[PDB]
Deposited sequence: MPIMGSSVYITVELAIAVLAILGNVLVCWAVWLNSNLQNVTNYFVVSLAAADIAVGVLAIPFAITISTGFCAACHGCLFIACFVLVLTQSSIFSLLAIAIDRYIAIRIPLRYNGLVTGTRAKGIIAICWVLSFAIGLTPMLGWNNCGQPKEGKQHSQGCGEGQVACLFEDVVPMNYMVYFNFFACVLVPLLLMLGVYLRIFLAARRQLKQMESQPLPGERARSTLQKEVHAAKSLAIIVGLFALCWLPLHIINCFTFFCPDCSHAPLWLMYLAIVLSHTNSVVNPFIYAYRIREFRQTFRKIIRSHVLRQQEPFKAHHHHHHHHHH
């Protein structure tokens, strides 16, 4: 697999650039500085780590390294905590949009910068505690050979338990949040359509501006698309592991397929800046400013 490596490199460079661009935008332009965008910045950073770290670890583990059980389990599962943090932020954002759009009168005092701080900190902690189950002593170790004495080679499939990837990951810490996220979002959308359809039958300004509503709802859809693509990303991999696990002594997945879900899920962190540029005028204009500036500088 030559192409594969030059690939995971192309990824790292992309993800790093695009997300550094998002964070530089948010720092640079005051309009982007706000709770929603602190969670968005969390997403950016967690997707930068994958660029600088998770891909090199994706590239060592292919070549079958050998080391201490736990120090091996790190490089084995790291992108785990990243992915988890990505979910936590996505959900924080869905909820923030939910307060904003469903209960706009209490959003002012309810959602604050410092509280954003706290929820983010916490979410990172928990992204770790959950992120690597191995590190806490939960053990697939102790059951190549002559690799080493005090060193047991660490490769995902065997040194990574599939009784978790398909249970404490796919079933618990991914599908559930993703799902009540789909819920919160559909609730926002249906409700907003209801009250718009209502504002129509009663000439404005009945309660709040229709234009405003439609605008923040369009923005919510742009934000929910990010979730949709996240799902479209880790879903294939979790399907693979999913049915490969429920029939452990049944069949397994190829090289030429199985080596996708890794690439793909690794692609999940590349697209965000592009989705922003496409769906959101403030980012697009800022990226445009940063690039149109610091290029010809």
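Coordinate coverage of the deposited sequence is interrupted at 1 to 5, 149 to 155, 310 to 326, where no C-alpha atom was modelled.
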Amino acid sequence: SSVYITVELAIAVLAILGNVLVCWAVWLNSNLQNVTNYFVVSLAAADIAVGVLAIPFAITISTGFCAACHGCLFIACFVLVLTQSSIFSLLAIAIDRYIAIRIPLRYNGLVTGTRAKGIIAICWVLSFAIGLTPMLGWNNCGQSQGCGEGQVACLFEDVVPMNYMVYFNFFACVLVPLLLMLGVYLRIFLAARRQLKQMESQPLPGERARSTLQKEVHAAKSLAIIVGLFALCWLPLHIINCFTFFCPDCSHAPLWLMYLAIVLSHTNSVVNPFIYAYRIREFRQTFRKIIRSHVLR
From here on, numbers count along this sequence of modelled residues.
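For the pair 202 to 210 and 77 to 85, the mean B factor over Cα atoms is greater in 202 to 210. Mean CA B-factor, 224 to 232 versus 247 to 255: the higher value falls on 247 to 255.
You'll see in the entry that, of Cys66, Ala44, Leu28, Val35, the Cα B factor peaks at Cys66. Take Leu175, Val160, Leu91, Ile103 and read off each C-alpha B-factor from the entry; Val160 has the highest. Split the chain's modelled residues into thirds by C-alpha temperature factor. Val40 is in the lowest one.
In the deposited entry, the Cα temperature factor of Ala121 places it in the middle third of its chain's modelled residues. Looking at the C-alpha B-factors along this chain, the one for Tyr185 belongs to the lowest third. For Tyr107, the recorded CA B-factor ranks within the middle third of the chain. Only modelled residues enter the ranking. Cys154: CA B factor lies in the highest third for its chain, per the PDB record.
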